[PDB]
Amino acid sequence: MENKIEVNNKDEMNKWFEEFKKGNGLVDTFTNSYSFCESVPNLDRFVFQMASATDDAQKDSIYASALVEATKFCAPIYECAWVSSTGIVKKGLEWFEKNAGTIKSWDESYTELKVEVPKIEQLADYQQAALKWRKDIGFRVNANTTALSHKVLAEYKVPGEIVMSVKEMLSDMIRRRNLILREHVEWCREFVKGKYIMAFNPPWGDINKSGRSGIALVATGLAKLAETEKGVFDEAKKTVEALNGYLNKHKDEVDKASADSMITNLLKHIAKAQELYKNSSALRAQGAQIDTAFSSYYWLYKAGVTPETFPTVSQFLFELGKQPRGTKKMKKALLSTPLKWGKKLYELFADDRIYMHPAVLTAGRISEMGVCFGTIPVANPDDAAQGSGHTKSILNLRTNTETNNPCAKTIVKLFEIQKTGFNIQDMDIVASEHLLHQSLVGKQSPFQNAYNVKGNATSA
């Protein structure tokens, strides 16, 4: 035992899902994919618990229980099964041991990436290797399991009473949102200090020389503006005004047209460096997002799981799935099991803000693997009716305008919860906002890739 989900292709998937469905009784009532969701999870009790106000910041435990409640019966069975099916677990594991060159930049930088901020392209190769990944195995079987795609939601329809609460959430997301606004590079170091004279004969040549399109100067500052980080741009600035008054002082030893053109040139350059910096810091934010399937499978490959061995993992996350056990037990059990993969997975763990990188395992992020593999016990899928809640299952919750409001209500519920436990503007991350965040970009499913999606966090 023994992955029961012997499915290699869509047509098998379809067959398996039906065999499954009668045997167990699904109504896609409040879910986008058939759930065990019979009514809407109710978290009321948790509000009142939260007020209880222990000091052990748990709280954390309360929130985890709410979460559990939200997620327990609403897993996208069809999709979850496909992601755990035999066909997908082979191809999906085999892909890594075959696309090693494609991953290096974050792979060989896993140890360091465990503590240190990723390169701009550690991010971009991940995202790119994600899609390459999804495409090469045939991860495509549905719309819940496609890459998006098009555009962000411009409007979000919410039933009257949560309309407000949601927008409080929105304003917060906004602020949080808006906190964000090799040799030539060295030459730039010399220059930004305050040395102005540098500017009469740069190495690459002229001060207006471009690399492969843009002013080298700008490209340089931009780069140095993020290893040594206002700041630098303001230096460029002072040293430039310094230059001005130098040129004013020796006007008579200087060509007039050339000297003024020099100031606007560099001034124009420094404003482009700013822009560029900005653009990468947006690029960054963007490249932050985990691709649930891909990232989870990467850790599978990382811990040294094999198909043969996968049902043990699935089981384990399933088991993890009803427990309010904290990370402690979660660690104690992984360090304990005779399964070799167990110590490897733990070892992957990080703990020493965000910027982490979407490809770095952590204790919380176990939840990713949970959605992928722990909602249904591969060794015996009927135990799935017992209900095993993982965070992302929450996007199986309907958002249909008119009636069915589930998704936002649940998340809203969870936000209130978070709210009553702690100061809401003053925590570093806001779990519920991330969820609301993911609904707003239009994910209908945990198994979607949202990276190609255009548009913002603007409400309305």
# chains A, B, ... in the order shown; residues from 1 in each chain; ligands from 1
call {"tool": "residues_around", "arguments": {"residues": "segment 449-452 of chain A", "least_positions_apart": "5", "cutoff": "12 Å", "atoms": "only C-alpha atoms", "output": "VMD selection string"}}
result
chain A and resid 123 to 124 126 to 135 139 to 140 143 to 152 283 to 295 358 437 to 444
call {"tool": "select_by_dssp", "arguments": {"residues": "segment 182-386 of chain A", "states": "helix (DSSP H, G or I)", "output": "VMD selection string"}}
result
chain A and resid 184 to 193 197 to 200 216 to 224 232 to 249 251 to 253 256 to 287 292 to 303 307 to 320 327 to 336 341 to 347 366 to 373 381 to 386
call {"tool": "residues_around", "arguments": {"residues": "residue 229 of chain A", "least_positions_apart": "6", "cutoff": "12 Å", "atoms": "only C-alpha atoms", "output": "number ranges by chain"}}
result
A: 189, 192, 221-223, 235, 273-274, 277-278, 281
call {"tool": "closest_residue", "arguments": {"among": "A:361, A:366, A:395, A:376", "to": "residue 315 of chain A", "atoms": "only C-alpha atoms"}}
result
A:376
call {"tool": "closest_residue", "arguments": {"among": "A:313, A:27, A:333, A:68", "to": "residue 297 of chain A", "atoms": "only C-alpha atoms"}}
result
A:313
call {"tool": "closest_residue", "arguments": {"among": "A:159, A:406, A:321, A:211", "to": "residue 387 of chain A", "atoms": "only C-alpha atoms"}}
result
A:321
call {"tool": "closest_residue", "arguments": {"among": "A:388, A:105, A:280, A:24", "to": "residue 320 of chain A", "atoms": "only C-alpha atoms"}}
result
A:388
call {"tool": "closest_residue", "arguments": {"among": "A:433, A:190, A:6, A:241", "to": "residue 90 of chain A", "atoms": "only C-alpha atoms"}}
result
A:6
call {"tool": "residues_around", "arguments": {"residues": "residue 60 of chain A", "least_positions_apart": "5", "cutoff": "10 Å", "atoms": "only C-alpha atoms", "output": "PyMOL selection string"}}
result
chain A and resi 50+65+326+418+421
call {"tool": "write_last_selection", "arguments": {"atoms": "N, CA, C and O atoms", "output": "PDB file, in the first residue's frame"}}
result
ATOM      1  N   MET A  50     -10.639  33.159  21.033  1.00  0.00           N
ATOM      2  CA  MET A  50      -9.568  34.135  20.885  1.00  0.00           C
ATOM      3  C   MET A  50      -9.534  35.109  22.058  1.00  0.00           C
ATOM      4  O   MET A  50      -8.490  35.316  22.674  1.00  0.00           O
ATOM      5  N   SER A  65      -6.779  26.146  14.721  1.00  0.00           N
ATOM      6  CA  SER A  65      -8.053  25.382  14.741  1.00  0.00           C
ATOM      7  C   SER A  65      -9.214  25.888  13.818  1.00  0.00           C
ATOM      8  O   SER A  65      -9.811  25.140  13.084  1.00  0.00           O
ATOM      9  N   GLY A 326       1.181  20.994  17.078  1.00  0.00           N
ATOM     10  CA  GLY A 326       1.990  22.088  16.589  1.00  0.00           C
ATOM     11  C   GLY A 326       3.153  21.579  15.746  1.00  0.00           C
ATOM     12  O   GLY A 326       3.281  20.372  15.446  1.00  0.00           O
ATOM     13  N   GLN A 418      -8.087  36.623  13.434  1.00  0.00           N
ATOM     14  CA  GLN A 418      -6.719  37.145  13.512  1.00  0.00           C
ATOM     15  C   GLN A 418      -6.760  38.454  14.241  1.00  0.00           C
ATOM     16  O   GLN A 418      -6.027  38.657  15.205  1.00  0.00           O
ATOM     17  N   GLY A 421      -7.227  38.365  18.046  1.00  0.00           N
ATOM     18  CA  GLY A 421      -6.025  37.906  18.742  1.00  0.00           C
ATOM     19  C   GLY A 421      -4.859  38.878  18.883  1.00  0.00           C
ATOM     20  O   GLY A 421      -4.148  38.881  19.880  1.00  0.00           O
TER      21      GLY A 421
END
